[PDB]
Amino acid sequence: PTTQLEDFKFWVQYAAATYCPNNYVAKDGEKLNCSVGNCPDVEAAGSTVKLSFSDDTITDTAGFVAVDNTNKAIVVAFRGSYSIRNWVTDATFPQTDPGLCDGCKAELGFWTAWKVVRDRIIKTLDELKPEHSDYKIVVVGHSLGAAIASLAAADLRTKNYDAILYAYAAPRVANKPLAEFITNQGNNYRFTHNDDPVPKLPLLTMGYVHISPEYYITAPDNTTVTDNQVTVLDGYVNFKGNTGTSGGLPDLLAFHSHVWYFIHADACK
Amino acid sequence: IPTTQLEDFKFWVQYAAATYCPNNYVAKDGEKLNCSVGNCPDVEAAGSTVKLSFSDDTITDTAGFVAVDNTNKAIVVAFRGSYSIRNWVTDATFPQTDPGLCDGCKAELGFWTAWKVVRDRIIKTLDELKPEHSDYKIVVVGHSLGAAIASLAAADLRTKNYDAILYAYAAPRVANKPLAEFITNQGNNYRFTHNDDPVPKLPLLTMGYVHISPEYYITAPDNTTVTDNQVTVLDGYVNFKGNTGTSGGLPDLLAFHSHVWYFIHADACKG
């Protein structure tokens, strides 16, 4: 027995692991571990880092490529910037051309963050193929890291890496053509939680929409998510679910909802 | 030289700005206040000097200084609160505590705790400065969460006979209704809001908090010179015609840009 919900509860632990300072400086061969105890199934699987990355310089991006020999997965996991105020204070989100498809545009900050690490990650994936050949490729993040993961998965797929995307609490990354492009790639699991303000940014009026579908989590904070607390909603814009909460506004006081996606996602700091 | 109230308001915010500069809140006695990013030029022109600095990196994430301004004949007590807004709101709970200031009065626990950690040092310093500065104003100032700490510090200091003048730029609520009425009627309160800034809408009215009155509601665009026509004085403990009524009454995360522009770029010195 393996259910979609159990799957969702697992991969978020790799997103959680990207917040741990020891994991995104880890040497090749080092076991992933989360000192606060929020990635127990990752530790149980014995997953090790292949390559870690930490950007001090530009994007404040961190993460790793890890190998899970238990579940036969290569995991590409991203942490974005922790400062939400720094992300929104300019109140501007310019787009850029990622070179993926006709008329497609992506959020400049997130696309840049991916570009900075893309070549290391592709090189690492190539090195791993021979002894891991039948492994699935999982691309995962939470919060701003989930935005980077969304674009990373989109790009990796055009390069023939069959990437399965788990984007927990993701901001919008794409204009309408790019959202349609990514949606049509399939293997997209994008999550929202109650009134979390972050998936409502950047705004619809800024020319962004979402990858479809939305996996809308209605469980309370710090509770296990059950099967009737996840609702699947189709469309690049859907006002049932997270986008319709708080009258459509990104409520600052709803931020508590951002950190609970099946688990306390950022608890490792 | 003749000066206006608006010019006064544009000056004290530069002390708030100075609390974001790490050099100022670790400074030893005798170091000149200065802001590397250049947003406190009139403080530097006044030659203002640190008497005591304080920084708590352990529990409250509070920092600031007591400085002497001999040009303007003021002793300035300035606070920086926690810079992480997400950490401040993530619990979504804002418990009240009894500050011992007045009957039925209650204050926000976090901000009251922050003041209590530095209160003894600050009073010691005010007392040391008094004999050679005896006729100086005592100005208590902050921006953002620091403005909340300043609000409660001023309230407390006044009950101790220090005639504190409060400049609270972009302050969160700190008080329940009895405490807000008490602080308001002490007078010498200048609390500012700017357009749709979300921070002055927290904690919620429904959590038992109200604001000190009046509100100086700034409606100028970001990064522009504010004129008298762009500052509106609104009294009352809850007033829906200023900042509290913006964004349909909700704290809009995307309105955060409004929080950092209070006459100047208030937090620019955080690097």
# chains A, B, ... in the order shown; residues from 1 in each chain; ligands from 1

call {"tool": "interface_residues", "arguments": {"of": "chain A", "to": "chain B", "cutoff": "8 Å", "atoms": "only C-alpha atoms", "output": "PDB file with C-alpha atoms, in the first residue's frame"}}
result
ATOM      1  CA  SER A  83      13.200  37.065   4.178  1.00  0.00           C
ATOM      2  CA  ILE A  84       9.652  37.571   3.021  1.00  0.00           C
ATOM      3  CA  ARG A  85       9.883  41.306   3.653  1.00  0.00           C
ATOM      4  CA  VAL A  88       8.030  41.938  -1.265  1.00  0.00           C
ATOM      5  CA  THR A  89       9.414  45.343  -0.141  1.00  0.00           C
ATOM      6  CA  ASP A  90      10.107  46.630  -3.670  1.00  0.00           C
ATOM      7  CA  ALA A  91       6.517  45.629  -4.570  1.00  0.00           C
ATOM      8  CA  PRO A 197      -0.657  34.677   1.571  1.00  0.00           C
ATOM      9  CA  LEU A 249      -5.818  39.633  -0.559  1.00  0.00           C
ATOM     10  CA  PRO A 250      -2.476  38.305   0.772  1.00  0.00           C
ATOM     11  CA  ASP A 251      -3.155  38.729   4.519  1.00  0.00           C
ATOM     12  CA  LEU A 252       0.093  39.265   6.481  1.00  0.00           C
ATOM     13  CA  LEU A 253      -1.449  37.755   9.579  1.00  0.00           C
ATOM     14  CA  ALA A 254      -2.242  34.583   7.643  1.00  0.00           C
ATOM     15  CA  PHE A 255       1.477  33.861   7.461  1.00  0.00           C
ATOM     16  CA  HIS A 256       1.160  31.071  10.041  1.00  0.00           C
TER      17      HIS A 256
END

call {"tool": "residues_around", "arguments": {"residues": "residue 82 (chain A)", "least_positions_apart": "3", "cutoff": "9 Å", "atoms": "only C-alpha atoms", "output": "list in words"}}
result
residues 60, 79, 85, 86, 87, 143 and 144 of chain A

call {"tool": "residues_around", "arguments": {"residues": "residue 191 (chain B)", "least_positions_apart": "6", "cutoff": "8 Å", "atoms": "only C-alpha atoms", "output": "mmCIF file with N, CA and C atoms, in the first residue's frame"}}
result
data_model
loop_
_atom_site.group_PDB
_atom_site.id
_atom_site.type_symbol
_atom_site.label_atom_id
_atom_site.label_comp_id
_atom_site.auth_asym_id
_atom_site.auth_seq_id
_atom_site.Cartn_x
_atom_site.Cartn_y
_atom_site.Cartn_z
ATOM 1 N N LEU B 166 7.130 61.267 22.653
ATOM 2 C CA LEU B 166 7.148 60.017 21.887
ATOM 3 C C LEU B 166 7.044 60.252 20.390
ATOM 4 N N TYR B 167 8.013 59.755 19.624
ATOM 5 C CA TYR B 167 7.852 59.702 18.170
ATOM 6 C C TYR B 167 7.842 58.245 17.761
ATOM 7 N N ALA B 168 6.670 57.753 17.374
ATOM 8 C CA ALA B 168 6.511 56.333 17.075
ATOM 9 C C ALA B 168 6.142 56.158 15.616
ATOM 10 N N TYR B 169 7.141 55.878 14.795
ATOM 11 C CA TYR B 169 6.919 55.837 13.348
ATOM 12 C C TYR B 169 6.546 54.425 12.953
ATOM 13 N N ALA B 170 5.360 54.240 12.372
ATOM 14 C CA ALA B 170 4.950 52.932 11.839
ATOM 15 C C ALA B 170 4.746 51.902 12.939
ATOM 16 N N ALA B 171 4.247 52.342 14.086
ATOM 17 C CA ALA B 171 4.129 51.450 15.231
ATOM 18 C C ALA B 171 2.958 50.489 15.119
ATOM 19 N N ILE B 212 -2.878 54.225 20.473
ATOM 20 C CA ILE B 212 -2.679 55.550 21.017
ATOM 21 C C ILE B 212 -3.155 56.579 19.999
ATOM 22 N N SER B 213 -3.798 57.634 20.486
ATOM 23 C CA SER B 213 -4.302 58.704 19.642
ATOM 24 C C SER B 213 -3.501 59.990 19.912
ATOM 25 N N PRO B 214 -3.357 60.873 18.909
ATOM 26 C CA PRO B 214 -3.901 60.737 17.549
ATOM 27 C C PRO B 214 -3.000 59.957 16.605
ATOM 28 N N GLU B 215 -3.506 59.756 15.398
ATOM 29 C CA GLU B 215 -2.748 59.151 14.306
ATOM 30 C C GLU B 215 -2.288 60.254 13.374
ATOM 31 N N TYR B 216 -0.997 60.280 13.052
ATOM 32 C CA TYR B 216 -0.518 61.180 12.006
ATOM 33 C C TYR B 216 -0.393 60.333 10.772
#

call {"tool": "select_by_dssp", "arguments": {"residues": "region 68-203 of chain A", "states": "alpha helix (DSSP H)", "output": "number ranges by chain"}}
result
A: 84-88, 108-132, 144-158, 176-185

call {"tool": "write_last_selection", "arguments": {"atoms": "C-alpha atoms", "output": "tab-separated table (two decimals), in the first residue's frame"}}
result
chain	number	residue	atom	x	y	z
A	84	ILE	CA	9.65	37.57	3.02
A	85	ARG	CA	9.88	41.31	3.65
A	86	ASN	CA	12.97	41.53	1.40
A	87	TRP	CA	11.07	39.63	-1.28
A	88	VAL	CA	8.03	41.94	-1.27
A	108	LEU	CA	12.99	37.22	-12.94
A	109	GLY	CA	14.19	36.58	-9.39
A	110	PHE	CA	13.29	32.89	-9.33
A	111	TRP	CA	14.55	32.22	-12.86
A	112	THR	CA	17.86	33.89	-12.02
A	113	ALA	CA	18.18	31.80	-8.84
A	114	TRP	CA	17.73	28.63	-10.89
A	115	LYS	CA	20.21	29.78	-13.57
A	116	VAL	CA	22.94	30.31	-10.97
A	117	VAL	CA	22.82	26.63	-9.91
A	118	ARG	CA	21.52	24.98	-13.13
A	119	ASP	CA	24.85	23.90	-14.59
A	120	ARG	CA	26.14	22.25	-11.38
A	121	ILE	CA	22.86	20.46	-11.00
A	122	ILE	CA	22.78	19.19	-14.58
A	123	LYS	CA	26.41	18.00	-14.27
A	124	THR	CA	25.53	16.20	-11.05
A	125	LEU	CA	22.46	14.52	-12.56
A	126	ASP	CA	24.65	13.29	-15.42
A	127	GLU	CA	27.27	11.88	-13.03
A	128	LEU	CA	24.55	10.02	-11.14
A	129	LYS	CA	22.86	8.35	-14.13
A	130	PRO	CA	25.07	5.26	-14.57
A	131	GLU	CA	24.64	3.68	-11.11
A	132	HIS	CA	21.22	5.25	-10.47
A	144	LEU	CA	10.27	30.62	-2.28
A	145	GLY	CA	12.25	27.41	-2.82
A	146	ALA	CA	9.11	25.85	-4.31
A	147	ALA	CA	9.02	28.66	-6.88
A	148	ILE	CA	12.62	27.91	-7.85
A	149	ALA	CA	11.72	24.20	-7.97
A	150	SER	CA	8.78	24.92	-10.32
A	151	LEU	CA	11.02	26.61	-12.88
A	152	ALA	CA	13.84	24.09	-12.35
A	153	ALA	CA	11.47	21.20	-13.08
A	154	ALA	CA	10.10	22.97	-16.17
A	155	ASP	CA	13.60	23.51	-17.54
A	156	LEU	CA	14.98	20.09	-16.63
A	157	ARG	CA	12.10	18.44	-18.49
A	158	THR	CA	12.94	20.28	-21.73
A	176	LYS	CA	-0.17	32.35	-18.92
A	177	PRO	CA	1.76	30.65	-21.76
A	178	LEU	CA	4.45	29.31	-19.41
A	179	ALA	CA	1.87	28.08	-16.87
A	180	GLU	CA	0.08	26.24	-19.68
A	181	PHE	CA	3.41	24.80	-20.88
A	182	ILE	CA	4.39	23.52	-17.44
A	183	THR	CA	0.87	22.26	-16.70
A	184	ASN	CA	0.93	20.23	-19.91
A	185	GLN	CA	4.23	18.62	-18.85

call {"tool": "residues_around", "arguments": {"residues": "region 24-29 of chain A", "least_positions_apart": "5", "cutoff": "8 Å", "atoms": "only C-alpha atoms", "output": "PDB file with C-alpha atoms, in the first residue's frame"}}
result
ATOM      1  CA  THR A  18      16.961  22.384   2.762  1.00  0.00           C
ATOM      2  CA  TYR A  19      16.474  24.762   5.718  1.00  0.00           C
ATOM      3  CA  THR A  48      22.982  11.272   1.277  1.00  0.00           C
ATOM      4  CA  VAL A  49      24.032  14.516  -0.356  1.00  0.00           C
ATOM      5  CA  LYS A  50      25.708  14.311  -3.778  1.00  0.00           C
ATOM      6  CA  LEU A  51      26.086  18.073  -4.172  1.00  0.00           C
ATOM      7  CA  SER A  52      25.148  20.938  -1.852  1.00  0.00           C
ATOM      8  CA  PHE A  53      24.910  24.596  -2.818  1.00  0.00           C
ATOM      9  CA  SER A  54      24.656  27.788  -0.823  1.00  0.00           C
ATOM     10  CA  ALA A  62      20.484  27.070  -0.982  1.00  0.00           C
ATOM     11  CA  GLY A  63      19.838  23.391  -1.447  1.00  0.00           C
ATOM     12  CA  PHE A  64      21.216  20.057  -2.545  1.00  0.00           C
TER      13      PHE A  64
END

call {"tool": "select_by_dssp", "arguments": {"residues": "region 54-258 of chain A", "states": "strand (DSSP E)", "output": "PyMOL selection string"}}
result
chain A and resi 54+62-68+73-79+95-96+106-107+136-142+163-168+188-193+214-217+230-233

call {"tool": "residues_around", "arguments": {"residues": "residue 261 (chain B)", "least_positions_apart": "4", "cutoff": "12 Å", "atoms": "only C-alpha atoms", "output": "number ranges by chain"}}
result
A: 89-90; B: 10, 13-14, 17, 39, 143-144, 169-170, 192-197, 218-226, 255-257, 265-268

call {"tool": "atom_distance", "arguments": {"atom1": "CA of residue 153 (chain B)", "atom2": "CA of residue 115 (chain B)"}}
result
6.1 Å

call {"tool": "residues_around", "arguments": {"residues": "residue 28 (chain B)", "least_positions_apart": "5", "cutoff": "7 Å", "atoms": "only C-alpha atoms", "output": "number ranges by chain"}}
result
B: 50, 52-53

call {"tool": "residues_around", "arguments": {"residues": "residue 207 (chain A)", "least_positions_apart": "5", "cutoff": "10 Å", "atoms": "only C-alpha atoms", "output": "JSON, numbers by chain"}}
result
{"A": [93, 94, 95, 105, 106, 107, 172, 174, 175, 176, 202]}

call {"tool": "write_last_selection", "arguments": {"atoms": "N, CA and C atoms", "output": "JSON list (two decimals), in the first residue's frame"}}
result
[["chain", "number", "residue", "atom", "x", "y", "z"],
["A", 93, "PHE", "N", 7.67, 42.80, -9.43],
["A", 93, "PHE", "CA", 8.08, 41.45, -9.82],
["A", 93, "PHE", "C", 8.23, 41.32, -11.33],
["A", 94, "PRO", "N", 9.32, 41.88, -11.88],
["A", 94, "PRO", "CA", 9.48, 41.88, -13.34],
["A", 94, "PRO", "C", 9.61, 40.47, -13.89],
["A", 95, "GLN", "N", 9.14, 40.26, -15.12],
["A", 95, "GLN", "CA", 9.28, 38.96, -15.74],
["A", 95, "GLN", "C", 10.50, 38.94, -16.66],
["A", 105, "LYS", "N", 7.10, 33.58, -20.17],
["A", 105, "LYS", "CA", 7.82, 34.51, -19.31],
["A", 105, "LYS", "C", 7.80, 33.97, -17.88],
["A", 106, "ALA", "N", 8.89, 34.18, -17.15],
["A", 106, "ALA", "CA", 9.00, 33.72, -15.77],
["A", 106, "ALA", "C", 9.42, 34.85, -14.85],
["A", 107, "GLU", "N", 9.09, 34.71, -13.56],
["A", 107, "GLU", "CA", 9.51, 35.68, -12.55],
["A", 107, "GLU", "C", 11.04, 35.80, -12.56],
["A", 172, "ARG", "N", 3.50, 32.24, -7.42],
["A", 172, "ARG", "CA", 3.40, 32.14, -8.87],
["A", 172, "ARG", "C", 4.76, 32.40, -9.50],
["A", 174, "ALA", "N", 5.00, 32.15, -13.28],
["A", 174, "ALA", "CA", 4.85, 32.06, -14.73],
["A", 174, "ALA", "C", 3.73, 32.93, -15.27],
["A", 175, "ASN", "N", 3.89, 33.40, -16.51],
["A", 175, "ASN", "CA", 2.77, 34.03, -17.18],
["A", 175, "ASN", "C", 1.86, 32.95, -17.75],
["A", 176, "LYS", "N", 0.79, 33.34, -18.43],
["A", 176, "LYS", "CA", -0.17, 32.35, -18.92],
["A", 176, "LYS", "C", 0.43, 31.28, -19.86],
["A", 202, "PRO", "N", 3.41, 36.55, -7.12],
["A", 202, "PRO", "CA", 3.01, 37.90, -7.51],
["A", 202, "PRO", "C", 1.55, 37.93, -7.97]]

call {"tool": "closest_residue", "arguments": {"among": "A:220, A:98, A:37, A:46", "to": "residue 266 (chain A)", "atoms": "only C-alpha atoms"}}
result
A:37
